[PDB]
Amino acid sequence: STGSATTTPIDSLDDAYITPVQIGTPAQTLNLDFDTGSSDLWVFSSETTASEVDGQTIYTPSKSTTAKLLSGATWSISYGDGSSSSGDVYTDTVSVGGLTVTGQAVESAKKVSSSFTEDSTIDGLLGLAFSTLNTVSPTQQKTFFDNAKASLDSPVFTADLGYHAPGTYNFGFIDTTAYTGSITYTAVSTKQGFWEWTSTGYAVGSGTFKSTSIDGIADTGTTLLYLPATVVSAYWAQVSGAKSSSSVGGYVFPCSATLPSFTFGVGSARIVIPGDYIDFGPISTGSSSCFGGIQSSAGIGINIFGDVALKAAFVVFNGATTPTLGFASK
Ligand SMILES: COc1cccc2c1CNC2
Ligand SMILES: COc1cccc2c1CNC2
């Protein structure tokens, strides 16, 4: 089997991407944030504290003839920004782009933190990291991809995020029309439960490529590109007036600037992020200071190849017995 679903930016900045997912019988369609940096499929639901729902579409398990409470199971998760959610668990039928999993753990939110409430466009998350990170207790649950894998034509999914435009998540096959050149594959460590890999270096604009190993994670659920302070300083030094602002929380730059591109290495291959992808717009409405899309990882403890990087590539998440990642230009 295979599946194919369109993923759409939630706003004009590509702050996140939502993909429609069918849950239950009859189907209830929710728009979920596919997150290769976590491993829980959780949704706003009829159980979510009412004051914490503000426009999201909710899953109502009582209206699904295939929903079954997973007795005794609870979940609770905290994300990189300090946001969080928690609740109980059902199993139900879940379909993505024509690919159906029965008995998928659907984690029903009883509580969500303010950043989730305030984003009416995201009805939940669909985790695509390794199932060892799933937070369900006392019986850990498998991700949608893990549950589908044996049925797929090939044990893979691909992320093809758009720049200010829709893109695609495919399950079970590699669309050879979706990229240019060849896909370069690189080793993955699953020891932290992430799609963790080592980039071979970087270049800023038309500058020379610096060969240096940068370990990081391929994370569709993080907006920006977080890299070591040395790398990020080298990038923003090429932008007149750019500076790191503690009050804003990162590098900012004059909105009048034209940003240089940023290249990262995948083995001997190179992925080029155009400068426009690094512009995240005014820090507040009407400001002439703009927020940068490349930021320091120094406070985070890990480098993160988020959407800014991933959207410049066609990305293969290969879930074979020995997982690997593939990147192609497009
Ligand atoms: C602080 O941010 C982190 C840190 C570790 C792992 C992840 C994130 C975001 N998604 C996965
Ligand atoms: C992984 O996705 C995350 C992570 C943290 C906070 C938020 C999202 C989506 N909107 C708020």
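Residues numbered from 1 in each chain as written, not as in the entry; some residues may be left out. Chains lettered and ligands numbered in written order. Heavy atoms only, no water. Residues with missing side-chain atoms left out of burial classes, pairs and counts.

In the nomenclature of the PDB entry, the protein chain is known as Endothiapepsin of Cryphonectria parasitica. Here the entry title, as the record gives it, is "Crystal structure of Endothiapepsin in complex with fragment EOS103119 from ECBL-96". You can read under Sequence similarities in the UniProt record for the protein chain the words "Belongs to the peptidase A1 family." (UniProt positions renumbered as here; feature names shortened; annotations may be inferred.)

(A) View of the site of ligand 1. Every residue close to ligand 1 is listed here: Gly37, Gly80, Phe194, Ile217, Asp219, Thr222, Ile300, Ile302 and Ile304. Out of a free accessible area of 300 Å², ligand 1 has 74% covered by protein chains. Class assignment of the residues belonging to the shell around ligand 1 gives a composition of 5 nonpolar, 3 polar and 1 charged. (Near = heavy atom within 4 Å. Areas by Shrake-Rupley, 256 points an atom, 1.4 Å probe, with all protein chains shown as cover. Nonpolar A, V, L, I, M, F, W, Y, C, P; charged D, E, K, R; others polar.)

(B) Structural detail: the side chain of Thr222. Relative to the elements of secondary structure, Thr222 occurs in the loop between β13 (210-218) and β14 (225-227). Engagement of the side chain of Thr222 in a polar contact is seen with the side chain of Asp219, the distance being 2.7 Å. Setting aside residues no more than four positions away along its own chain, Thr222 makes contact with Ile304, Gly306 and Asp307. (Helix = DSSP H or I, 4+ residues; strand = E, 2+ residues; numbered from the N terminus. Polar contact = N/O pair within 3.5 Å; in protein donor to acceptor, adjacent residues only side chain to side chain. Contact = heavy atoms within 4.5 Å.)

(C) Broad picture of the pairing of strand β24 (residues 324-328). Taken across its 5 residues, β24 has 5 buried, putting it largely inside the fold. On β24, burial covers both faces: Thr324, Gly326 and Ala328 on one face and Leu325 and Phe327 on the other are all buried. Two elements, strand β11 (residues 184-187) and β24, share 4 bridges in a ladder whose sense is antiparallel. By the bridge assignment for β24, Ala187 is matched with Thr324. Where strand β23 (residues 314-318) and β24 come together, 5 bridges link them in antiparallel fashion. By the bridge assignment for β24, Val316 is matched with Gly326. (Buried < 20%, exposed > 50% of the residue type's maximum accessible area, 1.4 Å probe, protein only. Pairing = 2+ DSSP bridges.)

(D) Just the site of ligand 2, in detail. Around ligand 2, the surrounding shell consists of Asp33, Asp35, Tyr79, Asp81, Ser83, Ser115, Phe116, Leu125 and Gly221. Notes on ligand 2: free accessible area 300 Å², of which the protein chains cover 83%. Every element with two or more residues in the shell around ligand 2 is listed here: β3 (28-35) and α1 (114-117). Here the shell around ligand 2 is composed, by residue class, of 3 nonpolar, 3 polar and 3 charged.

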